[PDB]
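Q: Take this structure first; my questions come after.
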Amino acid sequence: XXXXXXXXXXXXXXXXXXXXXXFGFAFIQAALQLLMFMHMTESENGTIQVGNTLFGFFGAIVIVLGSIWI
Amino acid sequence: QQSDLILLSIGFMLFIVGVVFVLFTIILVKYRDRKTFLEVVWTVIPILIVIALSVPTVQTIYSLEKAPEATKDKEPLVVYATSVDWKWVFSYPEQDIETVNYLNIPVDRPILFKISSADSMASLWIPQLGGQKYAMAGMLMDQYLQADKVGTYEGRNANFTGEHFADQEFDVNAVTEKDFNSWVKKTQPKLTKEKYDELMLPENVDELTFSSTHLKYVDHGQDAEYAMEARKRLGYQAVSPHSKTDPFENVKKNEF
Amino acid sequence: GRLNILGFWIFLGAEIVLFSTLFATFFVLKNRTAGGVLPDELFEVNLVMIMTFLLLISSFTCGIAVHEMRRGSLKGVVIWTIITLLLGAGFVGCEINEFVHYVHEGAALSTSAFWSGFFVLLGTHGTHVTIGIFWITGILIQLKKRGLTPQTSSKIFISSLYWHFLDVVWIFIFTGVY
Amino acid sequence: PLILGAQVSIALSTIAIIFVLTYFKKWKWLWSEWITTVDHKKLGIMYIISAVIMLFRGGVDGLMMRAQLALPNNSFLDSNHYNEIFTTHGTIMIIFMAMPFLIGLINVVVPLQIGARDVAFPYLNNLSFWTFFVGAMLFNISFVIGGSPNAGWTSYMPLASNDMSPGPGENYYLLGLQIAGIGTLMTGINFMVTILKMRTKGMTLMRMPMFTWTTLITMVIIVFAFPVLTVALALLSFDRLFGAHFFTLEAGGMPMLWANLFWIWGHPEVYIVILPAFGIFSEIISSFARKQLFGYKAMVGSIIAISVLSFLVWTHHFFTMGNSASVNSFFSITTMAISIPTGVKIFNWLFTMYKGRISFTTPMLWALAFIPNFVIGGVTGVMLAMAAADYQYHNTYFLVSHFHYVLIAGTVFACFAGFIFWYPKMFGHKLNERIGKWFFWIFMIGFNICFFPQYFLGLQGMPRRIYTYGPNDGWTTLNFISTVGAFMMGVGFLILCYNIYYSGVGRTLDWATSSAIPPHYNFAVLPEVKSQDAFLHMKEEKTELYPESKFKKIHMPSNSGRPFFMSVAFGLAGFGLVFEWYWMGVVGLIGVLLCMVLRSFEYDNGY
Ligand code: HEA
Ligand code: HEA
Ligand SMILES: [Cu+2]
C-alpha cells in the first residue's frame with residue numbers, strides 16, 4: 001500500500017528521462033534509485049548498511065569522473 | 001637537469017629526517033632498560049614539509065608544459081619521434097631527413113619532440129636531458145627538450161620489457177649549430193618505401209642514414225594499427241618455444 | 001536473526017565499484033570507432049526494457065513489505081515471487097534478441113572497441129540478472145518439505161535485495177549508454 | 001629449456017612422495033579435520049604455510065635474478081628467461097605471498113582478540129582459501145606445463161596480446177589472479193562482518209585495540225578495491241581469449257585504459273599489504289613495552305584517512321605518460337597528503353616505547369628494524385610523489401630501491417614478526433631465541449647493502465628490467481654489491497627452515513586462552529573486557545577466569561566438502577582456458593557448469 005506510491009513516482013522519472021533527450025540529467029538517475037532503495041535499508045543492521053553504499057558511490061564518482069579527468 | 005636542483009635540495013631535506021629518528025631512538029632506549037597535547041601540536045610541521053614542496057613542484061609541473069629550458073620564444077624545431085620494438089625512429093619534418101637509432105641536435109636550440117611508438121608503448125628517456133614522457137601507440141605526445149651543452153648524451157628507453165628491449169640504447173650526440181647546418185644533411189639514401197616496413201621487425205640494426213622523411217605514411221603518430229600491416233604482411237608472428245627465427249620468409253638487414 | 005542480510009549486503013556495495021569500473025571503461029571508449037560502425041540502436045526497445053524493469057521493482061518493492069512484513073500472505077509467495085520471476089525473463093529474452101539482431105553489423109566485441117564495452121557493460125549485466133532468476137527460483141523450492149516463516153527464511157530477502165541492486169545500475173545504464 | 005627439464009621431474013617427484021609417504025590412508029585426517037575444515041584457526045595456518053612455500057619459489061627467483069645481475073656480460077639467464085623469472089617473482093609476492101601471509105595472520109589472530117567463536121561466514125571463508133590456492137597452483141603450473149608470463153607484475157596491454165606472442169603466458173596471470181580475487185574479496189567481506197556483529201560484550205568499538213582496527217581497514221579496501229581487479233582482468237581475459245578490443249592496439253582501443261583500471265585497484269591494494277603490517281607491529285611494540293598506545297583520537301582517526309584517500313592518489317604511478325598537467329599536480333599534492341596520515345603512525349610507536357620498560361627479544365628485533373628501514377624507503381617515495389621530479393627517476397631502480405625498502409621492511413618483516421610472536425598459538429613451545437637472532441642480523445644487514453646501492457644504481461643510470469648493464473662509468477661494483485646483499489638475504493632462509501625443524505608479556509586476548517594451542521570452541525566464556533586492554537586488567541587487577549558450571553552448548557558449524565570441489569571447478573575452468581584453447585574452452589565451460597550447480601547446493605543445504 002505504502003510502497004505503491006514510490007513505484008508510481010519512479011515510472012515518471014524514466015518518462016521524463018526520455019523527454020530530456022527526445023548535471024541536469026545526471027541527478028535524476030541517482031534520485032530514481034534513492035526512492036527505490038530507501039524502502040529497505042534502515043534499520044537494525046542499518047547505518048552500516050546504508051553507509052556501505054554511501055562511500056561506494058563515492059568511488060563510482062572517483063573512478064568515472066577520474067578516468068574522464070585524463 | 002632543471003629538476004636536478006630539486007633532487008639535491010630534497011636529498012638533504014630527507015637526510016635530516018633520517019637522522020631525526022636516530023636521535024629519537026639511540027639517545028634513549030639504551031638508558032631505559034631493565035639491566036593528547038603533543039599530537040595536536042605536531043600537526044603544524046607535516047604540511048610545512050610538503051607545502052614547501054607542494055608549491056615549487058606545482059610551479060614546475062606547469063613549467064615543463066610551455067616553452068622550457070631553451071629558446072624563450074623563437075626557433076621552433078620539430079622532431080617526430082617514433083619507437084618501434086627494440087629500435088628507435090626519429091624523423092625531421094623541417095627537411096626531408098629521417099634517422100633511426102641515432103640523433104644529432106644543436107645546442108641551445110629547442111627541439112619539440114613529437115613522441116609516439118608503433119609496436120609497443122615506450123618512452124624516450126635520454127637521462128641527460130631530464131624529463132621523459134611516454135610514447136603511446138595511437139597518439140602523438142608533444143614534449144620539449146634542449147641540450148644543455150655540447151657532448152655525448154646517453155639516451156635510452158623506459159624498457160617495458162619485451163625480449164629484445166635492453167639494447168634500445170641509442171647514443172645521441174649534440175654539437176654546435178655551425179656543424180649542424182652542414183650536417184642537417186649529411187647528403188639529403190632515400191625513403192625506399194619498403195625499407196620502412198622492414199623496420200617494424202624486432203632485431204638488431206646499425207646506423208641507417210636515410211635522407212628522406214617518412215611522415216608521408218599515415219602519420220604513424222595517428223592510426224597505430226600499423227602493427228598488422230607490418231609484422232604480418234611479411235609473414236611473421238613469434239611464439240615462445242621453437243619455430244621462431246621470424247617464422248620463415250627472409251628479406252631484412254640484421255647484424256654481422 | 002541472520003547476519004547474511006548484512007554480509008551479502010556489503011557485497012552489493014562491492015558491485016557498485018564493479019559497474020563503476022565498467023562505466024569508466026565505457027565512458028573513455030565512447031569517442032572511438034575510428035574505423036567501424038556508428039551506434040544507432042532502437043529507442044522504443046530501451047524504454048520497453050527500462051519500463052519492464054521499472055515495473056519489475058514495482059511488483060517487488062511491495063512484494064515483501066505487504067507480503068511478509070504486513071500481514072502474512074504465505075500463499076502469495078507462489079504468486080508475487082512467481083509473477084516477478086517471469087519479468088526477469090522479459091529482460092533476458094529482449095536483450096538476447098537485441099544481441100542477436102546486433103549480429104547485423106556490429107556483432108560481438110570484434111567489430112570495434114566501443115561495442116566491446118557495450119556488450120560487456122551489458123554482458124555481466126545480463127549475467128547478473130540471469131543468475132538471479134536461478135536464485136529467485138532456487139528459494140521457491142522451499143514451500144515443500146520446508147516452508148519456513150518470515151524472519152527465519154532469510155533466503156527470500158537476501159535474494160530480493162540483490163535483485164533490487166540490479167535496477168540501480170540498470171537505470172544508470174539507461175542514462176550511461178543511451 | 002635445459003633448466004626447466006629438471007624441475008618438472010622434481011615436481012612429479014614431490015607429487016609421487018605424497019602418495020607413498022603420506023597417502024597411506026588420508027580419508028580420515030586430511031579430508032576430515034583439514035582441507036574442508038571450518039575452524040578459522042586451521043584455515044589461517046594453510047594461508048601462511050603457502051606463503052612460506054612461495055617464499056622459496058620466490059626465493060630461488062630473487063637470488064638467480066641478482067646472481068645473473070652480478071656484473072655485465074653475464075650469461076646466466078637469456079632474454080626470454082629473465083623476463084619470465086622477474087615477472088613470476090613479483091607476482092608470487094604481494095598476491096600469493098604477502099596476501100596469504102597477512103590474511104593468514106588475520107584469519108588467526110583477529111578472531112581470537114575479539115572473543116568470538118569463528119568468523120561471520122566460516123563456510124564461505126573455507127572456499128576463500130581454496131579459491132586462492134587453485135589460483136596459486138594455476139600460476140605455478142606455468143613452470144613447465146605452459147609458460148610463465150614475461151610482461152611484469154603490471155603487464156601492460158600493448159605488450160601482452162599479439163605483440164607479446166606466448167599463448168599460455170598472460171593467460172595464467174589473468175585466470176590465476178581472477179580466481180584469487182574472488183577468494184580475497186570474500187575474505188574482506190567475512191571479516192568486515194566478523195568485526196562488526198560478532199564482538200563480545202564490553203568490547204567497545206573505539207578500543208578493540210588497534211591491530212584489529214587495521215584489519216577492519218584492511219578488509220574495507222578489499223571490498224572496494226578488488227571488484228576493479230575482477231573486471232580489469234575479465235576485460236583483459238576477453239581481449240586475450242574471447243577476442244575483445246578493450247585495449248588492443250589493432251582495433252584502436254585505448255592501450256592506457258587498462259593501466260588506470262589496474263592502478264585504481266593497485267595503490268588501494270598496496271595499502272592492504274601495509275595495513276595489517278602496521279597492525280601486527282602495533283601490538284608487539286606495545287605488548288613487550290608494557291605501556292598504553294598513547295593516542296587514539298589521532299591514530300584511529302588517521303587510519304580512516306588513508307582508507308578513503310587511497311583512491312585519490314592512485315594516479316601517481318603514471319605522471320610519465322603525458323597527462324593534463326593539472327591532473328599531474330592534483331595527485332602530486334594529494335600524494336603528499338597521504339604521507340602525513342601515514343607519517344603520524346610512526347610517531348605513535350616511539351612514545352609508546354618510551355618511559356616504559358622494554359626487553360629485546362626476537363619479535364622485538366623485527367619491530368626494532370621495522371622503524372628505520374620503512375622510513376628510509378618512505379623518505380624516498382616522498383620524492384616519487386613529486387611529479388615534477390618523478391620524470392627523472394621513473395623506473396630506473398631508484399623506484400625499485402624505494403619500494404623494496406617499504407614493503408620488505410613493512411610487510412615481510414611483519415610476516416616474520418607475526419610468524420614468531422604468534423607461533424605458540426599454532427603449536428607447543430616456540431622458536432629458539434638465541435639462534436633466531438642469527439637469522440635477524442644476517443637478513444637485516446643484507447637487506448640494506450642490497451637496495452641502498454640501488455639508490456646509487458638508479459640515480460647514476462641503471463634502468464629496471466634489464467639483463468645486462470655494461471661498463472658505464474665504472475658502475476659495476478654498485479650492481480655487484482647489490483647482488484652480494486641479495487645473496488646475503490638468501491643465507492638465512494636455511495636458518496629459518498632450520499628453526500622450524502625443532503618439532504611472554506601479553507596485553508590482549510592472545511595468551512588469554514585456556515592453554516597453549518587453543519581448542520576448537522576457543523574461549524569457554526566470553527570475556528567482559530569493558531576496558532581498552534583486557535589481559536592486563538584481567539591479571540593484576542582481580543583475576544577473572546573460566547569458572548566451571550558457567551559453560552554452555554557448542555556452535556556446530558561442521559564441515560562441508562563443497563568448498564574444495566567448488567574451487568577445483570574454478571581451477572579446472574581456469575587451467576582449461578589458459579593452456580591452449582585460444583578462442584573458446586571445452587573444459588572451461590564445465591567449470592562454470594560445476595560452479596553454478598554447487599551454487600544451487602549453496603542454498604539447498606540446510607544446517
Ligand atoms: C613482497 C615484496 C617483495 C619481496 C619479499 C621480494 C624479494 C626479493 N627481491 Fe624482488 N621484486 C618485487 C618485490 C619483492 N621482492 C617486485 C614488485 C618486483 C617487480 C615485479 C615485476 O614487475 O615483474 C621484484 C623484482 C625484483 C628486482 C627488480 C628487477 C629489475 O628491475 O630488473 C630485484 C632487484 O634486485 C629483486 C631482488 C629481491 C631479493 C634479493 C629478494 C629477497 O627478499 C629474496 C628472498 C628469498 C628468500 C627469503 C629465500 C632465499 C632462497 C634461497 C636461500 C634458495 C637458495 C637455493 C638455491 C639457489 C639452490 N626482485
Ligand atoms: C606497501 C605498499 C606501499 C606503501 C605503503 C607505499 C607508500 C608510498 N609510496 Fe609507493 N610504491 C609501491 C608500494 C607502496 N608504496 C609499489 C609496489 C610501487 C611500484 C609499483 C610498480 O611500478 O611496479 C611503488 C612506487 C611509488 C610511486 C610510483 C612511481 C612511479 O610512477 O613509477 C610513488 C609516487 O608517488 C610512490 C610514493 C609513495 C609515498 C609518498 C608513500 C607514503 O604512503 C609513504 C609514507 C611514509 C612517509 C611519508 C615517510 C615516513 C613519514 C615521516 C617520517 C613523517 C615525516 C615525513 C614527512 C613530513 C615527509 N611509491
Ligand atoms: Cu600509488
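By convention here, the chains of the C-alpha cells are called A, B, ... in the order presented, each chain's residues are numbered starting at 1, and ligands are numbered starting at 1 in the order presented.
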Name all residues at most 10 Å from residue A:62 (count only C-alpha atoms; drop same-chain ones fewer than 6 positions away) and give them as a PyMOL selection string.

A: (chain A and resi 56+68-69) or (chain C and resi 17+20+24) or (chain D and resi 264+311-312)

Q: Please write out the residues within 10 Å of ligand 3 as a list in words, counting only C-alpha atoms and all ligand atoms.

A: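 The residues within 10 Å of ligand 3, counting only C-alpha atoms and all ligand atoms, are residues 263, 264, 265, 266, 267, 268, 269, 270, 271, 310, 311, 312, 313, 314, 315, 316, 317, 318, 331, 335, 338, 381, 384 and 385 of chain D.
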
Q: Write out as number ranges by chain which residues come within 9 Å of stretch 17-30 of chain B when counting only C-alpha atoms, dropping same-chain ones fewer than 4 positions away.

A: B: 12-13; D: 350, 353-354, 357-358, 371-372, 375-376, 379

Q: Just to be explicit: take each residue in the selection above, keep N, CA and C atoms, and write the result as a JSON list (two decimals), in the first residue's frame.

A:
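Saved file again_24.json follows:
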[["chain", "number", "residue", "atom", "x", "y", "z"],
["B", 12, "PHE", "N", 68.93, 16.54, 1.02],
["B", 12, "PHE", "CA", 69.27, 16.96, 2.37],
["B", 12, "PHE", "C", 68.03, 17.12, 3.24],
["B", 13, "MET", "N", 66.87, 17.39, 2.64],
["B", 13, "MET", "CA", 65.64, 17.54, 3.42],
["B", 13, "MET", "C", 65.24, 16.21, 4.06],
["D", 350, "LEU", "N", 57.07, 5.28, 19.01],
["D", 350, "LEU", "CA", 58.26, 5.64, 19.77],
["D", 350, "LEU", "C", 57.93, 6.24, 21.13],
["D", 353, "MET", "N", 56.92, 3.37, 23.43],
["D", 353, "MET", "CA", 58.07, 2.60, 23.87],
["D", 353, "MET", "C", 58.91, 3.34, 24.90],
["D", 354, "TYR", "N", 58.73, 4.64, 25.05],
["D", 354, "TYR", "CA", 59.50, 5.43, 26.00],
["D", 354, "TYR", "C", 58.78, 5.48, 27.34],
["D", 357, "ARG", "N", 59.24, 0.22, 30.20],
["D", 357, "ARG", "CA", 60.34, -0.73, 30.10],
["D", 357, "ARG", "C", 60.31, -1.45, 28.76],
["D", 358, "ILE", "N", 61.34, -2.25, 28.51],
["D", 358, "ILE", "CA", 61.47, -2.98, 27.25],
["D", 358, "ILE", "C", 62.41, -4.15, 27.47],
["D", 371, "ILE", "N", 61.19, 0.10, 12.15],
["D", 371, "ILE", "CA", 61.07, 1.55, 12.30],
["D", 371, "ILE", "C", 61.97, 2.27, 11.30],
["D", 372, "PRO", "N", 63.29, 1.98, 11.22],
["D", 372, "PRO", "CA", 64.14, 2.76, 10.31],
["D", 372, "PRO", "C", 63.99, 2.36, 8.85],
["D", 375, "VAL", "N", 61.17, 3.77, 6.99],
["D", 375, "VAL", "CA", 61.28, 5.21, 6.79],
["D", 375, "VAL", "C", 62.29, 5.53, 5.70],
["D", 376, "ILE", "N", 63.42, 4.81, 5.67],
["D", 376, "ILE", "CA", 64.42, 5.03, 4.63],
["D", 376, "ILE", "C", 63.82, 4.82, 3.25],
["D", 379, "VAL", "N", 61.31, 7.96, 2.92],
["D", 379, "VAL", "CA", 61.94, 9.24, 2.65],
["D", 379, "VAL", "C", 62.38, 9.27, 1.20]]

Q: Would you list the contacts of residue D:215 as a ChimeraX atom specification, taking every protein, DNA or RNA residue within 12 Å and counting only C-alpha atoms, but skipping same-chain residues closer than 5 positions in sequence?

A: /D:102-111,113-114,187-196,208-210,220-222,271-280,282,300,303-304,307

Q: Which residues of chain D are close to chain A, meaning at most 9 Å apart when you count only C-alpha atoms, and how do they look as a list in words?

A: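 Contact residues on the first chain: residues 224, 257, 260, 261, 264, 308, 311, 312, 323, 324 and 327 of chain D.
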
Q: Pull out every residue of chain A sitting within 6 Å of chain C, counting only C-alpha atoms, and send them as a list in words.

A: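 The complete set of qualifying residues is residues 3, 7, 33, 53, 56, 60 and 64 of chain A.
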
Q: Can I get the selected residues back with N, CA, C and O atoms, as a PDB file, in the first residue's frame?

A:
ATOM      1  N   UNK A   3       4.161   1.236  -0.510  1.00  0.00           N
ATOM      2  CA  UNK A   3       5.231   1.078  -1.489  1.00  0.00           C
ATOM      3  C   UNK A   3       4.747   1.394  -2.904  1.00  0.00           C
ATOM      4  O   UNK A   3       5.554   1.622  -3.807  1.00  0.00           O
ATOM      5  N   UNK A   7       6.588   3.471  -6.262  1.00  0.00           N
ATOM      6  CA  UNK A   7       6.710   2.747  -7.523  1.00  0.00           C
ATOM      7  C   UNK A   7       6.083   3.529  -8.674  1.00  0.00           C
ATOM      8  O   UNK A   7       6.586   3.507  -9.798  1.00  0.00           O
ATOM      9  N   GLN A  33      17.053   6.012  -7.959  1.00  0.00           N
ATOM     10  CA  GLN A  33      17.455   4.892  -7.121  1.00  0.00           C
ATOM     11  C   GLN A  33      17.407   5.210  -5.635  1.00  0.00           C
ATOM     12  O   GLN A  33      17.365   4.281  -4.819  1.00  0.00           O
ATOM     13  N   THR A  53      26.994   1.580   1.061  1.00  0.00           N
ATOM     14  CA  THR A  53      26.751   2.062  -0.291  1.00  0.00           C
ATOM     15  C   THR A  53      27.009   3.555  -0.453  1.00  0.00           C
ATOM     16  O   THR A  53      27.053   4.035  -1.591  1.00  0.00           O
ATOM     17  N   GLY A  56      30.562   3.835  -1.440  1.00  0.00           N
ATOM     18  CA  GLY A  56      30.696   3.074  -2.672  1.00  0.00           C
ATOM     19  C   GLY A  56      30.394   3.911  -3.900  1.00  0.00           C
ATOM     20  O   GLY A  56      31.099   3.828  -4.910  1.00  0.00           O
ATOM     21  N   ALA A  60      32.487   5.381  -7.236  1.00  0.00           N
ATOM     22  CA  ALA A  60      31.909   5.462  -8.573  1.00  0.00           C
ATOM     23  C   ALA A  60      32.134   6.840  -9.183  1.00  0.00           C
ATOM     24  O   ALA A  60      32.414   6.959 -10.382  1.00  0.00           O
ATOM     25  N   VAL A  64      34.785   7.036 -12.272  1.00  0.00           N
ATOM     26  CA  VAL A  64      34.250   7.544 -13.534  1.00  0.00           C
ATOM     27  C   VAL A  64      34.803   8.934 -13.828  1.00  0.00           C
ATOM     28  O   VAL A  64      35.508   9.141 -14.821  1.00  0.00           O
TER      29      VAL A  64
END

Q: Between atom 28 (C, counted along the ligand's line) of ligand 1 and atom CA of residue D:151, what is the distance, to one decimal in Å?

A: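 Going from atom 28 (C, counted along the ligand's line) of ligand 1 over to atom CA of residue D:151 covers 13.0 Å.
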
Q: Excluding same-chain residues fewer than 6 positions from residue C:159, what lies within 8 Å of it counting only C-alpha atoms, as a VMD selection string?

A: chain C and resid 132 135 to 136

Q: Report as a PyMOL selection string all protein, DNA and RNA residues lying within 9 Å of residue D:57, evaluated on only C-alpha atoms, omitting residues in the same chain fewer than 4 positions from it.

A: chain D and resi 52-53+61-62+89+92

Q: Can those selected residues be exported to a file as a PDB file, in the first residue's frame so that it contains C-alpha atoms?

A:
ATOM      1  CA  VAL D  52      56.452 -19.788   3.111  1.00  0.00           C
ATOM      2  CA  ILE D  53      56.296 -22.236   0.199  1.00  0.00           C
ATOM      3  CA  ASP D  61      63.849 -16.455  -8.295  1.00  0.00           C
ATOM      4  CA  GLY D  62      65.119 -13.388  -6.452  1.00  0.00           C
ATOM      5  CA  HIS D  89      58.980 -13.295  -8.648  1.00  0.00           C
ATOM      6  CA  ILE D  92      54.343 -14.629  -6.274  1.00  0.00           C
TER       7      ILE D  92
END

Q: Just the number, please: distance in Å from atom CA of residue D:34 to atom CA of residue D:47, one decimal.

A: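 Separating atom CA of residue D:34 from atom CA of residue D:47 is a distance of 12.7 Å.
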
Q: Which residues of chain D are close to chain C, meaning at most 7 Å apart when you count only C-alpha atoms, and how do they look as a list in words?

A: residues 189, 193, 223, 224, 227, 228, 231, 243, 244, 245, 246, 251, 252, 253 and 600 of chain D

Q: Would you list which chain B residues are within 12 Å of chain C using only C-alpha atoms, as a PyMOL selection string?

A: chain B and resi 138+222-225

Q: With C-alpha atoms retained, export the selected residues as a PDB file, in the first residue's frame.

A:
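File produced: again-v1.pdb:
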ATOM      1  CA  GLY B 138      47.625   5.645 -31.105  1.00  0.00           C
ATOM      2  CA  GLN B 222      47.870   8.598 -35.666  1.00  0.00           C
ATOM      3  CA  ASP B 223      46.387   5.234 -36.674  1.00  0.00           C
ATOM      4  CA  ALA B 224      48.618   2.941 -34.623  1.00  0.00           C
ATOM      5  CA  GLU B 225      47.141  -0.054 -36.476  1.00  0.00           C
TER       6      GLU B 225
END

Q: Please indicate the distance in Å from atom CA of residue D:147 to atom CA of residue D:450, rounded to one decimal place.

A: 29.2 Å

Q: Any idea what's packed within 9 Å of stretch 493-499 of chain D, counting only C-alpha atoms, ignoring anything in its chain fewer than 5 positions away? Could you give it as a PyMOL selection string?

A: chain D and resi 55-56+59+431-432+435-436+438-439+443

Q: So that I can check the secondary structure, give me every residue of stretch 92-144 of chain B assigned strand (DSSP E) by backbone DSSP, as a PDB file with C-alpha atoms, in the first residue's frame.

A:
ATOM      1  CA  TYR B  92      62.726  15.664 -39.153  1.00  0.00           C
ATOM      2  CA  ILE B  97      65.632  13.736 -43.464  1.00  0.00           C
ATOM      3  CA  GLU B  98      64.986  10.684 -41.350  1.00  0.00           C
ATOM      4  CA  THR B  99      67.253   8.947 -38.808  1.00  0.00           C
ATOM      5  CA  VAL B 100      66.867   5.751 -36.770  1.00  0.00           C
ATOM      6  CA  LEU B 103      70.209  11.509 -33.369  1.00  0.00           C
ATOM      7  CA  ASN B 104      72.173  14.764 -33.632  1.00  0.00           C
ATOM      8  CA  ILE B 105      70.899  18.058 -32.206  1.00  0.00           C
ATOM      9  CA  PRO B 106      72.067  21.676 -31.962  1.00  0.00           C
ATOM     10  CA  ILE B 111      63.576  20.642 -30.037  1.00  0.00           C
ATOM     11  CA  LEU B 112      59.823  19.917 -29.887  1.00  0.00           C
ATOM     12  CA  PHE B 113      59.829  16.129 -29.770  1.00  0.00           C
ATOM     13  CA  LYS B 114      56.592  14.569 -31.087  1.00  0.00           C
ATOM     14  CA  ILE B 115      56.570  11.208 -29.319  1.00  0.00           C
ATOM     15  CA  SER B 116      54.785   8.044 -30.432  1.00  0.00           C
ATOM     16  CA  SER B 117      55.543   4.354 -30.798  1.00  0.00           C
ATOM     17  CA  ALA B 122      57.611   3.115 -24.690  1.00  0.00           C
ATOM     18  CA  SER B 123      59.241   6.401 -23.717  1.00  0.00           C
ATOM     19  CA  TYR B 134      55.561   8.013 -22.781  1.00  0.00           C
ATOM     20  CA  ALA B 135      55.217   7.272 -26.494  1.00  0.00           C
ATOM     21  CA  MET B 141      52.645  13.338 -27.325  1.00  0.00           C
ATOM     22  CA  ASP B 142      54.434  16.667 -27.565  1.00  0.00           C
ATOM     23  CA  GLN B 143      57.497  17.159 -25.395  1.00  0.00           C
ATOM     24  CA  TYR B 144      60.074  19.929 -25.364  1.00  0.00           C
TER      25      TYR B 144
END

Q: I'd like a table as CSV: residues in chain B with an atom no more than 7 Å from ligand 2, each row giving the shortest atom pair and its distance in Å to one decimal, only C-alpha atoms and all ligand atoms counted, sorted by chain and rising residue number.

A:
residue,atom,partner,partner_atom_place_in_ligand_line,distance
B:17,CA,ligand 2,53 (C),6.4
B:46,CA,ligand 2,58 (C),4.3
B:47,CA,ligand 2,58 (C),6.9
B:49,CA,ligand 2,58 (C),5.0
B:50,CA,ligand 2,59 (C),6.3

Q: With 8 Å as the limit and counting only C-alpha atoms, what residues in chain B lie close to chain D? Please list them as a ChimeraX atom specification.

A: /B:3-4,6-7,10,14,17-18,21,24-25,29,32-34,36,39,46-47,50,53-54,57-58,60-62,65,119-121,127,130-138,141,158-164,166,223-228,237-240
